[PDB]
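Colleague: From first to last, the protein sequence lines stand for chains Z and E.
Quick note: the first sequence uses full-length UniProt numbering, first residue 324, plus one each step.
Numbered per full-length UniProt numbering, the second sequence spans residues 5 to 420, 445 to 480, 492 to 580.
Note that the Cβ used here is the ideal one computed from N, Cα and C, for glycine as well.
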Amino acid sequence: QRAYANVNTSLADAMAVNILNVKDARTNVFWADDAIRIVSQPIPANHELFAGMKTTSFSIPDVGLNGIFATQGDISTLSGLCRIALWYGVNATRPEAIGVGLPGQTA
Amino acid sequence: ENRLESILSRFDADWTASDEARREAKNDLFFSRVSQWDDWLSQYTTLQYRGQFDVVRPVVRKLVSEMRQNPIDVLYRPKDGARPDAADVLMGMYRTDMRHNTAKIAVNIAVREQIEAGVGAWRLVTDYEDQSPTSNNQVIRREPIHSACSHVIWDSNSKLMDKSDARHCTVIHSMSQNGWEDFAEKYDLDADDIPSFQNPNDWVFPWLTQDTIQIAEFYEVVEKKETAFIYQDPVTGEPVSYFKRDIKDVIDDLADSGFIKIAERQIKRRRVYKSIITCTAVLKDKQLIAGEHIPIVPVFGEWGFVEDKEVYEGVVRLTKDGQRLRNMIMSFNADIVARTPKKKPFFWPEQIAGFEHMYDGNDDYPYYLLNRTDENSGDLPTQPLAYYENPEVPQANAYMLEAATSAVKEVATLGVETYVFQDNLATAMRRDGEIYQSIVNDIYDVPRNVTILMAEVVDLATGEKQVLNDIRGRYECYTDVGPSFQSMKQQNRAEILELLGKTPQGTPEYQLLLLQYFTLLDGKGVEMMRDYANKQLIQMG
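As structure tokens, this is what we get:
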């Protein structure tokens, strides 16, 4: 267990915790490339919400993601619905690798 | 009045009229190519055992191999009353520009789709070749069309197997971003304005990415009377007929070269126009292409009409129910085998209280001990020991597995042999021969053979472009089907061998043997042998 250590000592009762963001400041963000990932799954075509719809794939430009273009029709009001659903999750697997740059942290 | 509105109305009518067959063919393709558990639309389904114990695929493989072992290609033969060698030039050109890998691959893809779904197709295109051109710095290549059922849409009022009476046909091309960019570069389109058209393929299997960009090519053939010019041949002969749509930039150069106009006649002919369209605009309007026919050749399996409506079937449509039932029964049996309590005894806890380590499953004891006395009931009641019954496959399950397998085996027999499918392929190849002959007469430089040599009567315009000149005596050869040969020399060798096999050992046998030696490929020893044969043939007069 000790092989995973990252700090010299542990929290010992009344340790003063200093906040490091003292002023409003737009961030500058640095990281290692593998610290952030995007987990993506197209919504299954048999999902209870996308039941009566005729689903197809739908690629998102620039980013490498694919969502679902679903579509359904109605007789009584001779109308139609379309729905582009993109399912994704941004995950920070290495926060210790992700960083933030805060300039102008004046008192 | 709108060209776009008219084209889209025609396409909508045809796509609607050809909906059932397209859906069935797509289902057959998916079932026989990807997976037999086509339950993508089934909602509220958890995950259970779904095996694939295939019994249809070996039949499809056997049929594919049987039709692979017998290649079929066009064979041009001189018509009745024409010269005996009226088809040599056309046959040589056809073999030269159809010997390549692309033609064979397209035919194989069409045949496989015909066996599996029931319909396939391929296309003929003309390209500019500068290194090894067939004729007039051009080549003709046969390209494949994948999923013809959903990608090639024919005219609805076409009651022919080869669609030679249909006048329009829309081919849907789907690609990714890079494919669309290179397509636009090739066709001088606008790459930035992404196109869109009717999506021809469904999303069934969990593919991460499908085709995104869609476009259509609408071919229409128009039969009309156009002016023909009857010139007089200055090189040698009597009048040669040329059309007026061509011989346009050289209409004044013919007179300079020495052609004198004799008369003017109106002749009815067919012209093909291609238009590149999307769902909202027409990119190319009426670009005239070469040939008298739509360059798309379809191949069919079991084809017919039910009620003003086309139906085509392969070998997989009628086996799907039995195969699915077999898969379901086998999955149920696997569930029975897996999730079923095994054969173990039933015990009251007080019967084995204190001896529970004897029944754990070791082999350290000579016998098992059971408790006998109870402090309140005097003695433990006596009852025969029960065991959980072993798992059993139901008689219904076994009978239905056997019956479904028998039904699939009975119904998955194409014919008795693939004779009907080979005949349909031959019909497709005859249509291919017709289309190729039209394209050759339109773009190639076909020499005319005289009985007085080959006279290539050609000329160039002031812009250095070469304009072909073809007389109206161009349909001197009709179409047939023969074995596929890679070259005219190979065909000649086959013909000589066939004649030799029927000629008895007389003087014609010697003549044909020497001819076979003459028509042999060259090395060094075979070079000497062929030189000897040539000397003998010349010396024998």
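(1) Does DSSP classify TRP126 of chain E as helix, strand or coil?
(2) Quick one: which chain Z residues come within Cβ less than 8 angstroms of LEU45 of chain E?
(3) Excluding the 5 residues preceding and the 5 following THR379 of chain Z in the sequence, name in chain order all residues of the same chain whose CB lies nearer than 7 angstroms to its CB.
(4) Let me know the secondary structure DSSP gives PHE233 of chain E once reduced to three states.
(5) Mind checking if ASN414 of chain Z is an interface residue toward chain E, Cβ cutoff 9 angstroms exclusive?
(6) Going straight from the alpha carbon of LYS83 of chain E to that of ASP498 of chain E, what length do you get?
(7) Closest Cβ-Cβ distance between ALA374 of chain Z and chain E: below 9 angstroms?
(8) Classify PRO543 of chain E: buried if its beta carbon has 16 or more other beta carbons within 10 angstroms, exposed otherwise.
(9) So what's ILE366 of chain Z in DSSP terms, helix, strand or just coil?
(10) Tell me, please, whether the CB atom of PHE353 of chain Z is closer than 9 angstroms to any CB atom in chain E?
(11) Closest to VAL413 of chain Z by C-alpha separation, out of Z:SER382, Z:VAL386 and Z:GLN324, would be which residue?
(12) Could you tell me the alpha carbon to alpha carbon distance between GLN135 of chain E and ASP470 of chain E, rounded to whole angstroms?
(13) Using a Cβ cut-off of 8 angstroms, pull out every chain Z residue sitting near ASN203 of chain E, in sequence order please.
(14) Report the CB separation of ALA408 of chain E from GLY326 of chain E in whole angstroms; it is logged as a contact under 8 angstroms.
(15) With a CB to CB cut of under 6 angstroms and the five nearest residues on each side skipped, what residues in its chain are close to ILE361 of chain Z?
(16) Measure the alpha-carbon distance for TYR549 of chain E versus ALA232 of chain E and round it to whole angstroms.
(17) Please decide whether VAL496 of chain E counts as near chain Z, where near means a Cβ-Cβ distance under 9 angstroms.
(18) In angstroms with no decimal places, state the Cα-to-Cα distance between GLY241 of chain E and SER466 of chain E.
(19) Could you give the residue range of the beta strand (DSSP E) that holds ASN469 of chain E?
(20) Among E:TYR53, E:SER10 and E:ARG14, which one has its Cα closest to the Cα of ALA342 of chain E?
(21) Considering only the beta carbon of each residue, do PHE373 of chain Z and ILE421 of chain Z sit closer than 9 angstroms?
(22) With a CB to CB cut of under 6 angstroms and the five nearest residues on each side skipped, what residues in its chain are close to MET493 of chain E?
(23) Less than 9 angstroms between the beta carbons of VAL208 of chain E and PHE34 of chain E, yes or no?
(24) Taking only beta-carbon atoms, is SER382 of chain Z less than 9 angstroms away from chain E?
(25) Is it buried or exposed, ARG65 of chain E, if we count other Cβ atoms within 10 angstroms and call 16 or more buried?
(26) Got a sec: is the Cβ-Cβ distance from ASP196 of chain E to anything in chain Z below 9 angstroms?
(27) Give the single residue among E:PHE336, E:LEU453 and E:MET179 whose Cα lies nearest to the Cα of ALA402 of chain E.
(28) Can you give me the C-alpha to C-alpha distance between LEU329 of chain E and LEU405 of chain E, rounded to a whole angstrom?
(29) Going along the segment 211-240 of chain E in order, which residues come within less than 8 angstroms of chain Z, judged by CB to CB distance?
(30) Using a Cβ-Cβ cut-off of less than 7 angstroms, list which residues of the segment 93-111 of chain E approach chain Z; keep chain order.
(31) Do you know offhand how far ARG349 of chain Z's Cα is from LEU425 of chain Z's?
(32) Determine the chain Z residues that contact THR50 of chain E at a beta-carbon separation under 7 angstroms, and present them in chain order.
(33) Taking the straight line between their C-alpha atoms, what separation do you get for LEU401 of chain Z and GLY375 of chain Z?
(34) So, do the segment 213-227 of chain E and the segment 238-254 of chain E have three or more beta carbon pairs nearer to each other than 8 angstroms?
(35) Taking beta-carbon pairs under 8 angstroms, can you tell me which members of the segment 389-412 of chain Z lie near chain E?
(36) Assuming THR174 of chain E and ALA220 of chain E are in contact, meaning their beta carbons sit under 8 angstroms apart, how far apart are those beta carbons, in whole angstroms?
Modeller: In this structure, then:
(1) For the purposes of this step, residue 126 of chain E is identified with residue 122 of the second sequence, where counting begins at 1. Annotated three-state conformation of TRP126 of chain E is strand, per DSSP.
(2) Taking the first residue of the second sequence as 1, we reach residue 45 of chain E at position 41. For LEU45 of chain E, the chain Z residues whose C-beta falls within less than 8 angstroms of its own C-beta are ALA368 and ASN369, listed in chain order.
(3) Position 56 of the first sequence, counted from the first residue, corresponds to residue 379 of chain Z. The answer, listed in chain order, is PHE392.
(4) Here residue 233 of chain E refers to the residue found at position 229 of the second sequence. In the structure shown, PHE233 of chain E sits in a strand (DSSP, three-state: E or B).
(5) For the purposes of this step, residue 414 of chain Z is taken as the residue at position 91 of the first sequence. When Cβ-Cβ separations below 9 angstroms define contact, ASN414 of chain Z makes no contact with chain E.
(6) In the second sequence, the residue the question calls residue 83 of chain E occupies position 79. In the second sequence, the residue the question calls residue 498 of chain E occupies position 459. When rounded, the separation of the alpha-carbon atoms in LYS83 of chain E and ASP498 of chain E is 29 angstroms.
(7) Your numbering for residue 374 of chain Z matches position 51 in the first sequence. At a cut-off of 9 angstroms between beta-carbon atoms, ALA374 of chain Z makes contact with chain E.
(8) One-based indexing of the second sequence puts residue 543 of chain E at position 504. With fewer than 16 Cβ atoms within 10 Å of its Cβ, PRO543 of chain E is classed as exposed.
(9) Locating residue 366 of chain Z in the first sequence gives position 43, where the first residue counts as 1. In the structure shown, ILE366 of chain Z sits in coil (DSSP, three-state: anything other than H, G, I, E or B).
(10) On the first sequence, residue 353 of chain Z is found 30 positions in, with the first residue counted as 1. Judged by the 9 angstroms Cβ criterion, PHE353 of chain Z is not in contact with chain E.
(11) Counting from 1 along the first sequence, the entry for residue 413 of chain Z is found at position 90. Residue Z:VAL386 is the option with its Cα nearest to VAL413 of chain Z.
(12) In the second sequence, the residue the question calls residue 135 of chain E occupies position 131. In the second sequence, the residue the question calls residue 470 of chain E occupies position 442. When the Cα atoms are used, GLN135 of chain E and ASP470 of chain E turn out to be separated by approximately 21 angstroms.
(13) Working through the second sequence from its first residue, we reach residue 203 of chain E at position 199. Per Cβ cutoff of 8 angstroms: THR379.
(14) Against the second sequence, residue 408 of chain E aligns to sequence position 404. Against the second sequence, residue 326 of chain E aligns to sequence position 322. Their Cβ separation, rounded to whole angstroms, is 5 angstroms, which keeps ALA408 of chain E and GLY326 of chain E in contact under 8 angstroms.
(15) Position 38 of the first sequence holds residue 361 of chain Z. Hits under 6 angstroms: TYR411 and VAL413.
(16) On the second sequence, residue 549 of chain E is found 510 positions in, with the first residue counted as 1. On the second sequence, residue 232 of chain E is found 228 positions in, with the first residue counted as 1. The alpha-carbon atoms of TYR549 of chain E and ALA232 of chain E are separated by roughly 52 angstroms.
(17) Taking the second sequence and counting its residues from 1, the one referred to as residue 496 of chain E is at position 457. With 9 angstroms as the cut-off, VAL496 of chain E does not count as an interface residue toward chain Z.
(18) For the purposes of this step, residue 241 of chain E is identified with residue 237 of the second sequence, where counting begins at 1. For the purposes of this step, residue 466 of chain E is identified with residue 438 of the second sequence, where counting begins at 1. Rounded to whole angstroms, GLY241 of chain E and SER466 of chain E show a C-alpha spacing of 24 angstroms.
(19) Translated into positions along the second sequence, residue 469 of chain E becomes position 441. Run containing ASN469 of chain E: none in the beta strand (DSSP E); it sits in the alpha helix (DSSP H), 447-471.
(20) Position 338 of the second sequence, counting from 1, holds the residue named residue 342 of chain E. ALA342 of chain E has its Cα closest to that of E:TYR53, out of E:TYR53, E:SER10 and E:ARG14.
(21) Along the first sequence, one-based indexing puts residue 373 of chain Z at 50. Along the first sequence, one-based indexing puts residue 421 of chain Z at 98. No, these two residues do not count as a Cβ contact at 9 angstroms.
(22) Your numbering for residue 493 of chain E matches position 454 in the second sequence. So the list reads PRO475, once near-sequence residues are dropped.
(23) Your numbering for residue 208 of chain E matches position 204 in the second sequence. Your numbering for residue 34 of chain E matches position 30 in the second sequence. Contact: yes.
(24) Residue mapping note: residue 382 of chain Z aligns to position 59 of the first sequence, counting from 1. Answer yes: the Cβ-Cβ gap between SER382 of chain Z and chain E drops below 9 angstroms somewhere.
(25) Within the second sequence, residue 65 of chain E is the residue found at index 61, counting from 1. Burial call: exposed.
(26) Sequence index remark: in the second sequence, residue 196 of chain E carries index 192 (1-based). With respect to chain Z, the C-beta atom of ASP196 of chain E has no partner C-beta closer than 9 angstroms.
(27) On the second sequence, position 398 is the one that residue 402 of chain E refers to. That would be E:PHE336, whose Cα lies nearest to the Cα of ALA402 of chain E.
(28) What you label residue 329 of chain E is simply residue 325 of the second sequence in a count that begins at 1. What you label residue 405 of chain E is simply residue 401 of the second sequence in a count that begins at 1. If you draw a straight line from the Cα of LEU329 of chain E to the Cα of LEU405 of chain E, it comes to about 8 angstroms.
(29) Per Cβ criterion, the list reads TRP211, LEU212, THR213, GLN214 and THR216.
(30) Against chain Z - using a Cβ distance shorter than 7 angstroms - the segment 93-111 of chain E contributes no residues.
(31) Reading the first sequence from its first residue, position 26 is the one you call residue 349 of chain Z. Reading the first sequence from its first residue, position 102 is the one you call residue 425 of chain Z. Between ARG349 of chain Z and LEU425 of chain Z, the alpha-carbon positions lie close to 7 angstroms from each other.
(32) If you number the second sequence from 1, residue 50 of chain E lands on position 46. The premise fails here: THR50 of chain E is roughly 11 angstroms from chain Z at the closest Cβ pair, so nothing lies under 7 angstroms.
(33) To locate residue 401 of chain Z, count along the first sequence from 1; it is residue 78. To locate residue 375 of chain Z, count along the first sequence from 1; it is residue 52. Between the C-alpha atoms of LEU401 of chain Z and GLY375 of chain Z there is a straight-line separation of about 16 angstroms.
(34) Contact between the segment 213-227 of chain E and the segment 238-254 of chain E is absent: fewer than 3 CB-CB pairs across the two stretches fall below 8 angstroms.
(35) The residues in question are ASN389.
(36) Residue numbering aside, residue 174 of chain E sits at position 170 when the second sequence is read from its first letter. Residue numbering aside, residue 220 of chain E sits at position 216 when the second sequence is read from its first letter. Confirmed, Cβ separation roughly 5 angstroms.
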